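Q: Quick one: the structure is below, questions incoming.
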Amino acid sequence: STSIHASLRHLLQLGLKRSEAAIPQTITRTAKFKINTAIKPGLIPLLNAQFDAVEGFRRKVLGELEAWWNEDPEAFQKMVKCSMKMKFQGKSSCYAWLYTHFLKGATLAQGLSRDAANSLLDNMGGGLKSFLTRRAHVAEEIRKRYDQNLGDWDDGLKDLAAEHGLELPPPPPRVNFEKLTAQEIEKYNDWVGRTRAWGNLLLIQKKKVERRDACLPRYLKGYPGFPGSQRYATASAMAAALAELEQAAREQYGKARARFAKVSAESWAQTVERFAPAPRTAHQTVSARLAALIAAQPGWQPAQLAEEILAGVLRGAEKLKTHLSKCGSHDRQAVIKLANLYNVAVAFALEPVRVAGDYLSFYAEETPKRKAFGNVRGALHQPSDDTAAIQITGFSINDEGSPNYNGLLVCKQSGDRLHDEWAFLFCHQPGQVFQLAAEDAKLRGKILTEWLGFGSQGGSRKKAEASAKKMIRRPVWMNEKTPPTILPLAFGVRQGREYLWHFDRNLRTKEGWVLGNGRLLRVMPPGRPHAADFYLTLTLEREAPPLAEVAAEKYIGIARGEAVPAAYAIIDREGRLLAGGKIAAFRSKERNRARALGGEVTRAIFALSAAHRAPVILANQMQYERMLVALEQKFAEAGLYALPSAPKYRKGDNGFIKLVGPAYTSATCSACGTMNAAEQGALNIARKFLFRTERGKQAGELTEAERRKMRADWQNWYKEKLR
DNA sequence: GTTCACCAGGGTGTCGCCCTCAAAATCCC
DNA sequence: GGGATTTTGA
RNA sequence: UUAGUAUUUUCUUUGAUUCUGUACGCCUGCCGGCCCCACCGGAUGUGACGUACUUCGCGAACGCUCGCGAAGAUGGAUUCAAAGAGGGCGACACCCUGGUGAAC
């Protein structure tokens, strides 16, 4: 065994006791199957049509809500967080008002299934709410930072500015933190940047504070972007980017005719100094070749040879030929060499202005080129996938078996229970219906089918009903002339025997898993709909076993180490260590050393816990916290540690995951505030749990922020704990 | 010969903050 | 007249 | 493979071992003459498009014969080993590419 499944198996077969404080839990889990478009490739056009029709609605409502957000942000905040008591326009929580305003008595785009729009607006409210409740905390924090700045800038920390010249930059803008906007935060962060750049520019007055601790008006950061703002941003293609870059470069080439011949006495000396000889870059190429060899013998009148060097830099017309003519914009090499040529054309074209030390006209002239080069370099990268999801709000069936929404899971089951189908019925065209009736039912307008559907009933989250959700396995009667789409599905045995045919939660033969909601996911490379992957994401729920009275006779202390990942030590209820031991660009950097190690140590932690039955003493780092989350999930899924709402409410003594903050000790026979490796560290972390048991303090709150009156306490305790 | 400030544009991750609808009541030809 | 739509919740 | 006597599928991944690793045409990129182009040339040994060949999935006639779509140095195959609960939106943290600035 020794495996996470086979160790959770032992943890379930752990007849400790049934704690009377056992609050019922629920285990939410998801089965992510793949529609088998390979077998049924005719879906791909249909599924993609539905998906791109629902993005049209998604963006329409999102943009409308953003326009209304900046127009009436107070009324918008009233709308989002409605309720049965505080209604907006006499409507309950967001979804009611969304349907009323957007999909009530409103025609839908051709090919859009108003069930898909209903689920869209159903799921919109939980994004608007997150936006609001993150903006609140942000606003508070950025108010703090603004307070700090305004209180130590232009008022309080002008002694340093008084020590030298440069009285004061422009004054900071006023930000109405009563109602702060993205625009106001933008124009304040702009001034923060201006003043930071001014401080770095005035580095001659001993203002080396870029990393030295002084001055530096901090930024206002963290303000959320209204939902959809950064999702469906227009972005930019390549051809447009290169066209705007070439327009800016040609502008500079044309206007550079005589800007050189304005002073050309010491300006040209600096021009030649900047672009002088050093895979040759565009800068290196032009500098080392064209000015170097066009100046000496030929082409006098520096103005005239400036035109010739710019003609050379702009001889990259052949690259424009390779792109526009035969071959496309998919050759990154040509695109990067053309963009570099344009950038250097501009950079050496504005050189006389740069030498003049304007930096204000120069910035204005290089803004078009700057933006164009940014949009070329940003369009050059595309390792991303466009993901759109359609959600079935639920899988419920009325008294007659007719569903309330547009999705169902079906099984064309065989006699031997070895050749079952497990497809998904989706309803999106007009006339697509199905019923969960009996084989002996006589339904009008519907024809039986070999499919067996898994509906649900109950769980209505209303005081009146407040039932317990229960599935319903009943044969599927489909419309003869208009059958709902069948999404062949594709999974593994390890995956279906977890959710579909589980020894104890077999969908068709045993009570267990409960249907939650669903999502049809499209995951396609941008602009490549025929390569789109499709998934069905079914959320199932369980009731976890009740907690157990952990009268542990042994404990498993576990601590991190260098020679060891997470060395472990098995003690009893009175310490006196019983046993000890050791546990355990993109590939090696992240995967090999994050996942393959965290997972192995986690299953080793379960192996130790279950084998010795002993609860885990674990400290209060991303791969440590992922191991902690996995242990929490798979102990809560055992009649053990009770998962807390949000990871803030860690009880510190919560079943088998008994959390103790520091160790801050040693085993030199006199403690601290050498022997073997972190094995003794885990010994002392377990003993420290035992000590804090007598002490009776909340180790979770102020795990390390407090040191006074604590460091000496454990120091003395271990200095005396030798009897 | 890199390291900081600011500016333009992307990419990769993790973290906030939210969610995992059933059941009527009402127009339909 | 079942299919589609609408409102609703602590 | 990663279930307990014992369950079906083909999913998304992650380690470790051994094998298999496509042709031409033209453009393009690197270098020299040359100084950007253009013509010359080297290696082309970095992109790209066009056409072929290998494999795969769906269809049409008799293991062959044809029509579409996918991939072909981040590929494919073997033998072990093992996770997975998903979605949404947005922010941060870091990195790459360019530019200006002075400081060292």
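Heads up: the first sequence is residues 10 to 287, 298 to 603, 630 to 665, 682 to 734, 837 to 886, going by the entry's author numbering. The C-beta atom is built at its ideal place from N, Cα and C for all residues, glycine as well.
(1) Alpha carbon to alpha carbon, what distance is there between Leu309 and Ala270?
(2) Could you have a look at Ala487 and say whether DSSP puts it in helix, strand or coil?
(3) What does DSSP give as the partner residue(s) for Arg561 in the beta ladder?
(4) Counting Cβ pairs, one atom from each stretch, are 3 or more of them under 8 Å apart for the stretch 370-387 and the stretch 262-281?
(5) Ignoring anything shorter than 4 residues, give me the alpha helix (DSSP H) runs that lie fully in the stretch 184-247, in order along the chain.
(6) Whole angstroms are fine: how far does the CA of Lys634 sit from the CA of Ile718?
(7) Since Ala578 and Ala724 should fall inside the 8 Å C-beta cutoff, what is the C-beta to C-beta distance between them, to a whole number of angstroms?
(8) In chain order, which beta strand (DSSP E) runs of at least 3 residues are fully inside the stretch 386-439?
(9) So the alpha helix (DSSP H) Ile650 belongs to, where does it begin and stop?
(10) State the DSSP-derived secondary structure class of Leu121, mapped to helix, strand or coil.
(11) Is it right to say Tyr702 is buried, meaning 16 or more other beta carbons lie within 10 angstroms of its own, or is it exposed?
(12) Please state whether the Cβ-Cβ distance between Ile590 and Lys601 is less than 8 Å.
(13) Suppose the cutoff is 6 Å on Cβ atoms and the five residues either side in sequence are ignored; what does the same chain contact list for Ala407 look like?
(14) Nearest CA to the CA of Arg227: which residue from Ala244, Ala588, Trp200, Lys215?
(15) Near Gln878, which residues of its chain fall below 7 Å by C-beta distance, leaving aside the five closest residues on each side in sequence?
(16) For the pair the stretch 236-245 and the stretch 147-165, tell me if three or more CB-CB distances fall below 8 Å.
(17) Are the stretch 496-507 and the stretch 95-105 touching, with three or more C-beta to C-beta distances below 8 Å?
(18) Is the distance from the Cβ of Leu107 to the Cβ of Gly134 below 8 Å?
(19) Excluding the five sequence neighbours on either side, which residues of its own chain have a C-beta within less than 6 Å of the C-beta of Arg152, listed in chain order?
(20) Could you give the distance in angstroms between the alpha-carbon of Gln192 and the alpha-carbon of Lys215?
(21) Quick one: what's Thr556 bridged to in DSSP?
(22) Give every residue of the same chain whose Cβ lies closer than 6 Å to the Cβ of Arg538, excluding the five residues on either side of it in the sequence, and list them in chain order.
(23) With a threshold of 8 Å, are at least 3 pairs of Cβ atoms found where one atom belongs to the stretch 444-463 and the other to the stretch 489-503?
(24) Hey, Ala630 and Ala840: beta-carbon distance below 8 Å or not?
(25) Less than 8 Å between the CB atoms is what I'm expecting for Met683 and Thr647, so what's the real figure, rounded?
(26) Kindly identify the DSSP beta-bridge partner or partners of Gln454.
(27) According to DSSP, simplified to helix, strand and coil, what is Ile848?
(28) For residue 6, count neighbouring Cβ atoms within 10 angstroms of its own Cβ and tell me buried if that reaches 16, exposed if not.
(29) Would you report the Cα separation of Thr468 and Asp435, rounded to the nearest angstrom?
(30) Whole angstroms are fine: how far does the CA of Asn79 sit from the CA of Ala567?
(31) Give the single residue among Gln34, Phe414, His14 whose Cα lies nearest to the Cα of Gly700.
(32) Could you name the residues that DSSP lists as bridge partners for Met873?
(33) Considering only the alpha carbon of each residue, which of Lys90, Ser276, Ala664, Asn45 lies closest to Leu141?
(34) In whole angstroms, give me the CA-to-CA distance for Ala656 and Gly599.
(35) Does the beta-carbon distance from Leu254 to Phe392 come in below 8 Å?
(36) Over the uninterrupted beta strand (DSSP E) stretch that includes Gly331, give me the two end residues.
A: According to the data block:
(1) Position 261 of the first sequence holds residue 270. Position 290 of the first sequence holds residue 309. If I take the Cα positions, the gap works out to 19 Å.
(2) If you number the first sequence from 1, residue 487 lands on position 468. Three-state result, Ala487: coil.
(3) Against the first sequence, residue 561 aligns to sequence position 542. BP columns for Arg561 point to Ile36.
(4) yes
(5) 191-210
(6) Here residue 718 refers to the residue found at position 657 when the first sequence is read from its first residue. Here residue 634 refers to the residue found at position 589 when the first sequence is read from its first residue. Taking the straight line from one Cα to the other gives about 30 Å.
(7) The residue you call residue 578 lines up with position 559 of the first sequence. The residue you call residue 724 lines up with position 663 of the first sequence. About 6 Å separates the two Cβ atoms, so the contact holds.
(8) 405-411, 426-430
(9) Start at 1 with the first residue of the first sequence, and residue 650 comes out as number 605. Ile650 -> alpha helix (DSSP H) spans 638-657.
(10) Along the first sequence, read from residue 1 onward, the residue named residue 121 stands at position 112. Three-state result, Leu121: coil.
(11) Your numbering for residue 702 matches position 641 in the first sequence. When all chains shown are included, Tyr702 counts as buried.
(12) On the first sequence, residue 590 is found 571 positions in, with the first residue counted as 1. On the first sequence, residue 601 is found 582 positions in, with the first residue counted as 1. Not in contact: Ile590 and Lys601 (Cβ atoms no closer than 8 Å).
(13) On the first sequence, position 388 is the one that residue 407 refers to. Taken in chain order, the residues that qualify are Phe60, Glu64, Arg541.
(14) Indexing the first sequence from 1 puts residue 227 at position 218. Of the listed residues, the one whose Cα sits closest to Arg227 is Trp200.
(15) As a working note, residue 878 is residue 715 in the first sequence. The residues are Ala732, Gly734.
(16) Taking 8 Å as the limit for Cβ pairs, the verdict is that the stretch 147-165 does not touch the stretch 236-245.
(17) no
(18) To locate residue 107, count along the first sequence from 1; it is residue 98. To locate residue 134, count along the first sequence from 1; it is residue 125. Yes. Within cutoff.
(19) Residue 152 sits at position 143 when you count from the first residue of the first sequence. Contacts found: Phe186.
(20) Looking up residue 192 in the first sequence gives position 183. Looking up residue 215 in the first sequence gives position 206. Distance from the CA of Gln192 to the CA of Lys215, rounded to the nearest whole angstrom, comes to 34 Å.
(21) The count along the first sequence starts at 1 and reaches residue 556 at position 537. Residue pairing by DSSP places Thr556 opposite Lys41, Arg538 in a beta bridge.
(22) By 1-based counting over the first sequence, the position of residue 538 is 519. Hits under 6 Å: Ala408, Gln410, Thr556.
(23) yes
(24) As a first step, residue 630 must be located in the first sequence, where it is residue number 585. As a first step, residue 840 must be located in the first sequence, where it is residue number 677. No. Outside cutoff.
(25) Numbered from 1 along the first sequence, position 622 holds the residue referred to as residue 683. Numbered from 1 along the first sequence, position 602 holds the residue referred to as residue 647. Not confirmed; about 14 Å, so no contact.
(26) Here residue 454 is taken as the residue at index 435 of the first sequence, counted from 1. In the DSSP output, where bridge partners are listed per residue, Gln454 has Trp496.
(27) To locate residue 848, count along the first sequence from 1; it is residue 685. Note: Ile848 maps to helix in three-state DSSP.
(28) Residue 6 lies beyond the range of the chain shown here (10 to 886); nothing can be said about it.
(29) Position 449 of the first sequence, counted from the first residue, corresponds to residue 468. Position 416 of the first sequence, counted from the first residue, corresponds to residue 435. Taking the straight line from one Cα to the other gives about 19 Å.
(30) In the first sequence, the residue the question calls residue 567 occupies position 548. In the first sequence, the residue the question calls residue 79 occupies position 70. Whole-angstrom Cα-Cα distance: 52 Å.
(31) What you label residue 700 is simply residue 639 of the first sequence in a count that begins at 1. If we check each option's Cα against that of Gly700, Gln34 comes out closest.
(32) Walking along the first sequence from the start, residue 873 turns up at place 710. Paired residue(s): none; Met873 is not in a bridge.
(33) For the purposes of this step, residue 141 is taken as the residue at position 132 of the first sequence. For the residues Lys90, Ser276, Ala664, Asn45, the minimum Cα distance to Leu141 belongs to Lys90.
(34) Here residue 656 refers to the residue found at position 611 when the first sequence is read from its first residue. Here residue 599 refers to the residue found at position 580 when the first sequence is read from its first residue. Near 14 Å, if we compare the C-alpha coordinates of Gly599 and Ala656.
(35) As a position in the first sequence, residue 254 is number 245, starting the count at 1. As a position in the first sequence, residue 392 is number 373, starting the count at 1. Closer than 8 Å, so yes.
(36) As a working mapping, residue 331 is identified with position 312 in the first sequence. Not the beta strand (DSSP E): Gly331 falls in the alpha helix (DSSP H), residues 321-332.
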